[PDB]
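Colleague: Got a structure here, written out as C-alpha cells. Questions coming.
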Amino acid sequence: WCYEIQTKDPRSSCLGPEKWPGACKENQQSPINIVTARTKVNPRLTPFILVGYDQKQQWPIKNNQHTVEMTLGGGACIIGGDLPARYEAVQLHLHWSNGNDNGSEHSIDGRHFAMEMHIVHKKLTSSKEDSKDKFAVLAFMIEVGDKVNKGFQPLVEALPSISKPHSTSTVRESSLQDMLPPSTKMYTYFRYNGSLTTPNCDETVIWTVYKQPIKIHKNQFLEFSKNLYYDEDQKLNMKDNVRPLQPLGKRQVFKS
Amino acid sequence: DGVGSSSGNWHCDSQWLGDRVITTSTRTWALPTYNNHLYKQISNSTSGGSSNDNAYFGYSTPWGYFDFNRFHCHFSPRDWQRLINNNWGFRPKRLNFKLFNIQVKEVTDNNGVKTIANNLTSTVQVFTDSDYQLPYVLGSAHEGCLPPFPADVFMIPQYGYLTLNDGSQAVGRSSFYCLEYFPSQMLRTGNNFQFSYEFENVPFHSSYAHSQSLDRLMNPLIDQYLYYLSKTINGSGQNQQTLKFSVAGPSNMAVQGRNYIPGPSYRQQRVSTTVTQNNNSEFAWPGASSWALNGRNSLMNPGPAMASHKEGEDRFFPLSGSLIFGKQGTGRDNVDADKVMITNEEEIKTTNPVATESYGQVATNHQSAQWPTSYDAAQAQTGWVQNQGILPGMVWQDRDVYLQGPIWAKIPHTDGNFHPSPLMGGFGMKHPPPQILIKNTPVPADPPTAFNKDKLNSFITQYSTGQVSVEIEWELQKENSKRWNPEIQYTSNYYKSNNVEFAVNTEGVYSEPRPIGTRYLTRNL
Amino acid sequence: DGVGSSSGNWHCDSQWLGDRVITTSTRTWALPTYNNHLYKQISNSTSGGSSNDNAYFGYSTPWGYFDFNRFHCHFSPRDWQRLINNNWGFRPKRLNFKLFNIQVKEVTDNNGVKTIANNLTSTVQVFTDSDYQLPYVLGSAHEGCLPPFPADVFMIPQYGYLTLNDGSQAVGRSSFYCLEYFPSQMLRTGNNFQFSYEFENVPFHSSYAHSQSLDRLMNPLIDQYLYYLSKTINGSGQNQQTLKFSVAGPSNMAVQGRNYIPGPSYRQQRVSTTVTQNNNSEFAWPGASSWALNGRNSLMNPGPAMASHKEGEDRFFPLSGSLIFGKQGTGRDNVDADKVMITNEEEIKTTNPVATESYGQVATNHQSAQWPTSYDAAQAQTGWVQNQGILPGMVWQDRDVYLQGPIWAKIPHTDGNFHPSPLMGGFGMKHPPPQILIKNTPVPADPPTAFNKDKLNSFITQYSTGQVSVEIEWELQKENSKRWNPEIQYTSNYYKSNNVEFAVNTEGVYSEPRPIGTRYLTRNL
Amino acid sequence: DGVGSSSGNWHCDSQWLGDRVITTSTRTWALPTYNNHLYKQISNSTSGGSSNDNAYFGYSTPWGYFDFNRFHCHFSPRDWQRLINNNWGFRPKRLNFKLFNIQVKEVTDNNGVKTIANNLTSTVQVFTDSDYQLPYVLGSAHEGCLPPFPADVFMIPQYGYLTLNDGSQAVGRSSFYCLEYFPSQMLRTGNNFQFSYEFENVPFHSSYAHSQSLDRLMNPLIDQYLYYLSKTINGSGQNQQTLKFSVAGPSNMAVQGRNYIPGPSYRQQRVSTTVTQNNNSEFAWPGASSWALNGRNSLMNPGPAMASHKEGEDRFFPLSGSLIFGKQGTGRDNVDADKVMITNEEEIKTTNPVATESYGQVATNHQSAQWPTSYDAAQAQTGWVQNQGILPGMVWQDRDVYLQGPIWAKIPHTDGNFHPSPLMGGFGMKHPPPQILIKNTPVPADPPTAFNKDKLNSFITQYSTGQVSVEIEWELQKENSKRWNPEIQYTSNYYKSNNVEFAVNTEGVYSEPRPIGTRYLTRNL
Ligand SMILES: [Zn+2]
C-alpha cells in the first residue's frame, strides 16, 4: 500500500513494505543483490531482438502516484533471449531517489544506482493459465551526472504536466531505442526469477536486468524528483519509491 | 478522286444539342519517314543506363499515330467554360475520324539546295488497332496531340512500345510486334480515310462540387436517439473508474453516429510553394510515396483522388498527388514553380481525405488497470492511419478533369480491378478509341543492275502531310438545383490586360494561362 | 361535408401473408409555428462557439417534417417477434403515407388569461421532396419519430440543414435553400393529403446467424492434399537449417488451406461494463478511433461491422463501435450505464473480426542467416494489422437491425462507393423515401391603416394537429433449414414481473425493456 | 433388370470442339460402412483436446461422398497440354454424373476365412444436396477424389462436418444434421443413378501471362505533358530551398504519371529452398502471417494472389503463400522439400505485388523547416506498407489453376464479399455442383425371438463397389494474338530417362512428376 518513506508521518496510516499484503512475503520477490562471483554463465542467453523499438510515436505518461508509468501500446514486442515464445511491451515505469547514493531497486555486487527503469513485457498469447513466466521485464540502471541524452529529454519535458497524482499527459514523440543504451553495450545481463517490485507480488516475472547503466544529465534526475509528488497537495515529493532488497534464497542467477 | 480534287472540307465548329454537344475539329499534320523505315530494338541499354527503376526494353516502330485524348483537342475555352458553368455531368458517346487532302513530297537537298517536289504516285499506310492487338500507348499522357489552336500545324508522334525486360535484356515471354503484319489502307494524293467509333457506356463525369460535407449531414436542430461514452473517470482522483453516457446532438456533431465514411487514402508528403517553410533537404524522391513491382519502385504519381489540402492550405501541395502542367514556352527540365501550373482537388475535401494527412486514428491496445497483476495498467493507445484501403460504407469523388487534361484511358486487361476510373482523370474503357497508326511507304529508290538479295536501303527522302478530323459526341447532364443564392461560375476577368487570356500574342503564340476544371456548380450529398 | 366530415379513419394494423407483411400505423401529431414563421442562419458561434471539430454553418427553417425511419414505428413487439422467429430475410417494398383530420387552432392567452379557439380558415402546407433537392436529414438517427406506442401523441420536429462552413463562417460554395421555392399543397380543415412510394431494389436483411465459422468449413475426417511448412532448424543449435513439410489435416485445422478470409476491420478500444478493470484515466475521446475530413475529426461511430467481443466476453464493448439506446425516461447528459442499453453483434463473429482485436499478423522483414551478405543475419519478424482494408476473397456480414433502430438511409450522391449499406444498419437506397415537409401558414394579425413597406412581423398565434397514417409492405424471405435440433428463438420470460415487458406501467408510460435484434435463426455458411 | 444385365457402359474420353471441350471420366470405387452405421459427435477433445487454435466441434456420419473437384480427374496430361497451349481462357459449363453397376458384398469373415459373397437384395442410398442444405466440404481441398489414372480403383471418403464450438463444447446455435432426413434413392444391383448440373455463369480463367508490365505501359519515345518535382534544394550550403520541375519522359519512366496501380497485398515471410541462408531458428508458425476470428488464429494460406518472388530469385517462396503438393509416395509428416512440389506465381509479377516485399512506401509526416520554433525543422519521413487493401485504380490477376489443383468452390452465404475468386484457385460459385452423398443401407443381423426396445446393433457386415462416370463440358476462349516471335509452350523433354513422365513405372505406379499451370500464352495489358 505504501513505501517506507511514505509511512513517516503520524497521519496517512498505510501499510509499509514490511507489512505489504498478498503474496509479497515469500522466497522470490524481485529486488535482490546480484553477486557476479556466484552467477554462472548460460550460453543460451543471447541479446534480445528489439522489434518495434525504433518507431517514434506519442506515449501516454501519467502520475501513477507510486511512480510514473508510460504506456508502451502495441508493436514493441521482444523475441530474443531465452523467453518461452515472445513478449510484448505494455508499460514503462522507473524508480529513483534524491541522490545517487540511496539506490534504486536492484544492486550489482552491492552497488546501487541513481535510477532504475522497468520495461515490462507481457506474454504474447500463452493461454488461460495461472503458471509463471507471465511477464518479462527489462531492468536498466541509470547513474550519471555529466552529459544530457536526448532520449530522456521528452520524458523530462512531460514530467511537469503530471505533477499531481492520478494526472495524465502525453510524451511529445520519441522512440524506445533512444532511451536504451547503445546496442553494442546491451550484451551482458542477468536472469533471476522474481515476482514483483510492487504490492500483491506474483511470481510471474523473468527479471532480465542489464549491466552497463544508461547516462542522463543530473538536471533531468533532479527534475524527476522535483516535478512529482505523492499526495494531492504538492507537499510530499516522490523521492524514494524503492522496495527494500529481498533474500535470494535457493534461486540461481544466470549470466549472459 | 484525283490530284485536282480535294477529299475534305475544313470542318471545325461545335454544336450544342441541349442535353448534348457535338465537337468538330480539323487540323494539318506533317509526317516524316521515322527511323528510316525500320524497327529498332530499344532498351534501358539503348537509352543508356536509365535506372533499375528506369530499366526497359521494347521497339521503336517506324510508324506514327494520331492522338486527341485531350479535352482541348475538342473543346474551345469558351466551349469548356459553358459546359462547366451549366452541367453537372458529361461524357463522350462516339467519335468520327477522317484523313484527307493528303500530299506526299520528296526532298532533294541538291548539294545544299534542298528541293521539295511532289511525288504524286506515293502513299501513307494507315490503320487502326481496333481489335486492340497492339500495345496501347494512348493512355500515358504523352505529347503529340492535336494542338488546341486550330491554326497550328502538327508533326504526328512516332509509335513505340515496351515489353517485358530483365534489366536491359528481354525474356522469352517478351513479344515483338510488326505493324506491317496488319492490313492497312494505302492512300494516294487523291484518296482519303475515315472511320467511326462508339464509346462504351461510361459514367458521367462529375462536373460539380458538393455543397455539403460528409460529416455535416445531420439536422442541426435535433438530437440523436443514440448515446456515446462521455466519461471514464469520476475525476477527483483515485479509483475513479466510471462510465458516463450522453446523447449526441448539435453541440457535439463530432461524436454523432454516421452511416457513411470518407474514401480511401495513401499519404503523400506535403510541399509548400513558399520554399522557406519547407525543409533544407533534397527530398523530392526520398520523401516520395511510391509502390513496387517485381523489384522496381514507381512513384505514386497521381495516386488516389484526395483533397489537395485543407481549407486555407493553398500554398501546400502533395509531393506527387496533383497534375502539373507546363506554361506556354516552359522548358523541359528543372524549371521553377513560376513556369508550371499545379492543379488541385480542394473541391473533393467534402468527401475525400486530405492527401497530406492521415486518414484517421485507430486503437492499438487494450486499455486496462492494475486489476489483474499490478502490471497491465495500460492507458488507451491509438495509432495514425497513413494509408486506408476500401471499406464498406465509404464514399468518394474522383479526380477532376481539365481542358488541357486527358479524356480517356484503356482499362488493363486483367482478372480483377476496382473502380477503374483512370487515376490521372477521365473515362476508363476496356475498348476505348482505337489507336490510328500511320506511316508513309518507303520508296525503294535506286536499285542495283545486278541482283541484290540484301534488302534495299537507299530509299529517296520523302514526307507527307494532310488533314485529320475528329468529332466526339458528349452527352450532357443538366442541373435541376433549387439553390437560392447564385452559384460559383468561371468567368474571365475584366481589368485591362496586355493580352486576352487563352489567345495569341504579338508573335502569334497561343497561351493557356491557367488550368480549368469542371466543378463549379454545386449539389447536395 | 367540409367542417363537419372526417378526412380519415384510424387503421393502424398489421397483415401478414405468405411472403409478405404490410404494417399500418396511425398517430396523432401537433405542429407548432417554428422560428416565428422565419428562416434563420445557425452556426456554432451563434449557439456554442465550440472547438473546430464541432464548428458548423447552416439554417433553421419554420418547417417541420415527418419521421418514421425506425422499425418500432411500424412493427409491434409481437409483430417483431413473429418476423424474427420465422424468416431468414426481409426488406421494404412499398409505402403509403397520408395526412388528415387537420385541425388548426389559435391561441388567445391574452391579459394573463390563456384561451384556445379554432381557425376554420387557416392552412397547413405540405410537400414531399420527391426530387431530392433539399438536404436529407432522415438518415441521421434523429428523434422526432412516430411513437412506438400508438396511443402516444407526438410533436413534429423542426427542419434544419447544414451546408459548407469555414469555422462558423460560410463560403461562396455554401447553399441557402428556401422551402417556399418548392411547390406545396395548402390544407384547410376537411382537406387531406396522400402519396405513395415504391421501394428500390434492396437486398434482404440477414435475419439469421451462421451455424458455422469461416475457419471451420472443412471436413473433419479427411486430410488435405496440400502441405505446409512444419519445421525449420532440426532443433540442435549451431548452424542447422531444414525445410520439413506436413499434410494439413483435422489435427491442425489452423494451418489448412482456405478459399475465403474474414471481412475488413478498423480497431476500436475495449471498454468493460464492470468499471474496475478499465483504467484510471479519461480516454473516451483520447482513445476513441476516428477519421478526418478537411481538418475536422469525427468519431468512428458504428464504423465497419465487427464482432462486438470474443466468445464469452460480453462485459466488453467497443468504445464507439456499438449502438447504444436509452431506456425510458433516461436523461440526456452523463447518465449511468444502467440507464442505457448497449447493443452487440456477437452473431457475426463467425465471419467478421472482433472489433477490439487486431485483424492478424504480417511479415515485416526478410529472415536470413548471417552468411547471406556478410555477418548481419535476421530473425523472422511480424507486425500487427490494426486496420485492414478490403481484399479479394473477403466475406463479411452487415450490421443487424433493431426494433428501435433505423430502417433506411440515403446513399450519398458521389462518383464512387463500396457496399453502400448504412453503417448504423438498414437498407441503403439512392432514392429513399422522400422527406415530407410540413408548415402552418402564417396568418397576419392586424396591419396598420397606413401603408408601411416592410414585412409583417405581427401574426396570430396558432398551431395545428391531426392524424397521420403510414403503411409499408415488407417482403419476406422464408427458411427451409434441415437443422434437426431446435433453434434459438426470441421469447418473453414467464417469471413474475411487477410489469409486463413492452407495456405501460401504472402511470401509462410505455417502455421498451431491451433492444431486439433479428438474428435468431441459423443457416450454414 | 437385376443381375445378368449391365447397368452402364464405361465412357472415358475427351472431345475437342472449336470453342468447347467435353471431358468424360469413369472410375471404379468402393464404399465401406463407416461408423458402423452411426452418427457420432467429434471434437478437438474427442481427437485429443487440440490447441485452442485447433479446437473444433462436429459430427461424423456413416455417409460417404463423391469428390471430383480436381482438374486431373477430368483432364489427361495430354489433354491439359492442348488446353493451356492453345486457349487464352476456359470455364466449366455443364456436367452429368452417373452411378452404375452397383454390386454390394457380404464378407462373412468366418474365423480366418473372411469369405466374401454377394448380397443381391442389398441396397445403396444416394442423394444430391441440390438445395445446399448441408455443410459444404468440397471447397476444402481434401483427399478422396477420382484418381487421375482412369485405371486406379478408389475408396469413397466419409462425410463429416463442423458446426459452432466453444473450445470442445457446442453452443445452442450449433446445428445437427441427419442425412437420413433427406429423400434418397435406393439402389439394388440392377439400379442406376444419374443427374445433370449446369454451372452458374463464371468468368473465364486467365490461362495466359502478360507480355507487358503495369509500370511499362507508356510510349518509350514520347515525353509526357505532365511535370514532376525534380529538386528541392539549390545545393549544399544552408538556407537554399527551391522547387524545380521537370518533364517526365522516357529517360525517367519511374516518375511518370500513371492511370492504374498494382493489386493489394498481405506480406508473407520469404523462405529459401537453400537451407543455409534462412536462419538458425524455428519460425514456421512464429513468423507465418495470419488472421484472427473470434479469438482463434488461422494461417493466411495461399492468401491474396501475389508474385511468389522477384524475377530471378526462384529459390525463394512465401512461407504460406503458395500451393504445395506431395510427390507420389510422399508421406504426410515432416517430409523434405525433395518430397514436395512447390508452385509459384511469377507470371503475375506483371500486375501483382511481390508476396515477400512491402507494397510500397507512404509518407508519415510533414517535412518542416527552422521557421518559428526552429528547433523543429522536420524531415521528409516515409513508412513501409506491408498490407495494402483495395484502392480505386487497382488491377490484379488471380492465382493460377493446376492440373492437380481444385476446380471450384462455394462462395460463403453472406451479406457481402469482394471478388470472390477462391483464394486457392478456381471458379467461385453461389450454387456450385451439389454434393453427392452415398451410403450402404444397414442390414440388421439375426434379431432376438423376444421383443426388445433397444435399437439394433448387430448388422451383416457389408461393402459396396461399382462404377462412376462424370462428364463436363468446358467453354474455351480462343486467342487471336498478333505476336510475331514464337510463344512459350508446355513441352515434354526429349532427353532419355528410365520412365515416361505422367505414366506408370515397373510397379504399375502412376505419377505426376510436376505441377502444370496454364499460363503459357501471352497477351498485352
Ligand atoms: Zn518496478
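Residue numbers (the authors' numbering), protein chains in the order written: chain R, 22 to 277; chain A, 219 to 588, 588A to 588G, 589 to 736; chain B, 219 to 588, 588A to 588G, 589 to 736; chain C, 219 to 588, 588A to 588G, 589 to 736.
We treat Cβ as the ideally placed atom computed from N, Cα and C, and that holds for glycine.
1. When every heavy atom of ligand 1 is checked, does at least one fall within less than 8 Å of the C-beta of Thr219 of chain R?
2. Among the candidates C:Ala502, C:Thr652, C:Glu686, C:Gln646, whose CA atom is the shortest distance from the CA of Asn254 of chain C?
3. Can you tell me which of C:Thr561, C:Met518, C:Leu432, C:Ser508 puts its alpha carbon nearest to the alpha carbon of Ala510 of chain A?
4. How many angstroms separate the CA atom of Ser277 of chain R from the CA atom of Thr450 of chain C?
5. Chain R beta carbons: is any one of them nearer than 9 Å to that of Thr582 of chain B?
6. List the residues that DSSP assigns as beta-bridge partners of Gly267 of chain A.
7. Please classify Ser516 of chain A: does DSSP put it in a helix, a strand, or coil?
8. Would you decide whether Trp695 of chain C is buried or exposed? Buried here means 16 or more other CB atoms lie within 10 Å of its CB.
9. Quick one: is the Cβ of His116 of chain R within less than 8 Å of any heavy atom of ligand 1?
10. So, for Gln546 of chain A: in the same chain, excluding its five sequence neighbours on each side, which residues have a beta-carbon less than 6 Å away from its beta-carbon?
11. Mind checking whether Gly357 of chain A and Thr279 of chain A have CB atoms under 9 Å apart?
12. CB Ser538 of chain C to CB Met518 of chain C, shorter than 9 Å?
13. Relative to the C-alpha of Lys693 of chain B, which residue among B:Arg734, B:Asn477, B:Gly530, B:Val681 is closest?
14. At least one CB of chain B closer than 9 Å to the CB of residue 198 of chain C: is that the case?
15. Distance check for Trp306 of chain B and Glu718 of chain B, CA to CA, integer angstroms please.
16. Mapping the DSSP letters down to three states, classify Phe245 of chain R as helix, strand or coil.
17. When DSSP labels each residue in this structure, what does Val473 of chain A get in the three-state scheme?
18. So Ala591 of chain C packs on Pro504 of chain A, CB below 8 Å; how close in whole Å?
19. Could you pull the DSSP bridge partners for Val493 of chain B from this structure?
20. Cβ of residue 767 of chain C less than 9 Å from any chain R Cβ?
21. Should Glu224 of chain R be listed as close to ligand 1, given that the test is whether its C-beta is under 8 Å from any heavy atom?
22. Hey, quick one: how far does the alpha helix (DSSP H) through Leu249 of chain A stretch, first residue to last?
23. What first and last residue would you give for the alpha helix (DSSP H) that runs through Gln174 of chain R?
24. Compute the minimum distance between the beta carbon of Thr264 of chain C and the heavy atoms of ligand 1, and state whether it is under 8 Å.
25. Would you say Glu575 of chain C touches ligand 1, meaning its beta carbon is less than 8 Å from a heavy atom?
26. How about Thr491 of chain B: is its Cβ closer than 8 Å to a heavy atom in ligand 1?
27. Is the closest heavy atom of ligand 1 to the C-beta of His630 of chain B under 8 Å?
28. Do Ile302 of chain A and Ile727 of chain A count as a contact pair if the criterion is CB distance below 9 Å?
29. Can you give the Cα-Cα distance for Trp228 of chain R and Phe211 of chain R, rounded to whole angstroms?
30. Using the three-state DSSP reduction, which class does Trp298 of chain A fall into: helix, strand or coil?
31. Leaving out five residues on either side along the sequence, give the residues of the same chain with a beta carbon under 8 Å from the beta carbon of residue 737 of chain C.
32. Tell me whether the beta-carbon of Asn512 of chain A lies closer than 9 Å to the beta-carbon of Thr568 of chain C.
33. Looking only at its chain, what residues have a beta carbon closer than 6 Å to the beta carbon of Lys528 of chain A, apart from the 5 residues adjacent to it on each side?
34. Jot down the residue ranges of each uninterrupted beta strand (DSSP E) in the region 120-164 of chain R, minimum 3 residues, whole runs only, in chain order.
Modeller: So, from the listed chains and residues:
1. Taking the first sequence and counting its residues from 1, one reaches residue 219 of chain R at position 198. For ligand 1, at least one heavy atom lies less than 8 Å from the Cβ of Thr219 of chain R.
2. Residue mapping note: residue 254 of chain C aligns to position 36 of the fourth sequence, counting from 1. Answer by Cα proximity: C:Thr652.
3. For the purposes of this step, residue 510 of chain A is taken as residue 292 along the second sequence, with counting starting at 1. Considering only alpha carbons, the answer is C:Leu432.
4. Locating residue 277 of chain R in the first sequence gives position 256, where the first residue counts as 1. Locating residue 450 of chain C in the fourth sequence gives position 232, where the first residue counts as 1. Spanning the two alpha carbons is a distance of roughly 49 Å.
5. By 1-based counting over the third sequence, the position of residue 582 of chain B is 364. Output row for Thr582 of chain B: interface = yes.
6. Counting from one through the second sequence, the residue named residue 267 of chain A turns up at place 49. According to DSSP, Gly267 of chain A bridges with nothing at all.
7. Counting from 1 along the second sequence, the entry for residue 516 of chain A is found at position 298. Looking at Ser516 of chain A - three-state DSSP - the assignment turns out to be strand.
8. As a working note, residue 695 of chain C is residue 484 in the fourth sequence. Looking at its Cβ environment, which holds fewer than 16 other Cβ atoms inside 10 Å, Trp695 of chain C is exposed.
9. As a working note, residue 116 of chain R is residue 95 in the first sequence. Yes, the beta carbon of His116 of chain R sits closer than 8 Å to at least one heavy atom of ligand 1.
10. Mapped onto the second sequence, residue 546 of chain A falls at position 328. Contacts found: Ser722.
11. Residue mapping note: residue 357 of chain A aligns to position 139 of the second sequence, counting from 1. Residue mapping note: residue 279 of chain A aligns to position 61 of the second sequence, counting from 1. Contact: no.
12. Locating residue 538 of chain C in the fourth sequence gives position 320, counting from the first residue. Locating residue 518 of chain C in the fourth sequence gives position 300, counting from the first residue. Result yes, Cβ atoms of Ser538 of chain C and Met518 of chain C sit closer than 9 Å.
13. Here residue 693 of chain B refers to the residue found at position 482 of the third sequence. Answer by Cα proximity: B:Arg734.
14. No answer is possible for residue 198 of chain C: the residues shown for chain C start at 219 and end at 736.
15. As a working note, residue 718 of chain B is residue 507 in the third sequence. As a working note, residue 306 of chain B is residue 88 in the third sequence. For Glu718 of chain B and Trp306 of chain B, the distance between alpha carbons rounds to 38 Å.
16. As a working mapping, residue 245 of chain R is identified with position 224 in the first sequence. DSSP places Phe245 of chain R in helix when its eight states are reduced to three.
17. On the second sequence, position 255 is the one that residue 473 of chain A refers to. Correct three-state label for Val473 of chain A: helix.
18. As a first step, residue 591 of chain C is located in the fourth sequence; it is residue number 380 there, counting from the start. As a first step, residue 504 of chain A is located in the second sequence; it is residue number 286 there, counting from the start. With a Cβ gap of about 6 Å, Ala591 of chain C and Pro504 of chain A count as contacting.
19. Here residue 493 of chain B refers to the residue found at position 275 when the third sequence is read from its first residue. Its beta-bridge partners do not exist; DSSP assigns none.
20. Here chain C covers residues 219 to 736 and nothing more, so residue 767 of chain C does not appear.
21. As a position in the first sequence, residue 224 of chain R is number 203, starting the count at 1. Incorrect: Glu224 of chain R has no Cβ contact closer than 8 Å to ligand 1.
22. As a working mapping, residue 249 of chain A is identified with position 31 in the second sequence. That residue, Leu249 of chain A, is in no alpha helix (DSSP H); it is neither H nor E in DSSP.
23. In the first sequence, the residue the question calls residue 174 of chain R occupies position 153. Its alpha helix (DSSP H) spans residues 174-179.
24. By 1-based counting over the fourth sequence, the position of residue 264 of chain C is 46. Checking every heavy atom of ligand 1 against the Cβ of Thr264 of chain C, none is found closer than 8 Å.
25. For the purposes of this step, residue 575 of chain C is taken as the residue at position 357 of the fourth sequence. Every heavy atom of ligand 1 is 8 Å or more from the Cβ of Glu575 of chain C, so no.
26. Counting from 1 along the third sequence, the entry for residue 491 of chain B is found at position 273. Incorrect: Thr491 of chain B has no Cβ contact closer than 8 Å to ligand 1.
27. The residue given as residue 630 of chain B occupies position 419 in the third sequence. No, the Cβ of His630 of chain B stays beyond 8 Å of every heavy atom of ligand 1.
28. Here the question's residue 727 of chain A lines up with position 516 in the second sequence. Here the question's residue 302 of chain A lines up with position 84 in the second sequence. Closer than 9 Å, so yes.
29. Here residue 228 of chain R corresponds to residue number 207 of the first sequence, with the count starting at 1. Here residue 211 of chain R corresponds to residue number 190 of the first sequence, with the count starting at 1. Cα-Cα distance, rounded: 8 Å.
30. Taking the second sequence and counting its residues from 1, the one referred to as residue 298 of chain A is at position 80. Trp298 of chain A: helix per DSSP, three-state reduction.
31. Given a span of 219 to 736 for chain C in the structure shown, any question on residue 737 of chain C remains unanswerable.
32. Indexing the second sequence from 1 puts residue 512 of chain A at position 294. Indexing the fourth sequence from 1 puts residue 568 of chain C at position 350. Yes; because the gap between Cβ atoms is below 9 Å, this pair is in contact.
33. Along the second sequence, read from residue 1 onward, the residue named residue 528 of chain A stands at position 310. These residues qualify, in order along the chain: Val572.
34. 136-144, 156-163
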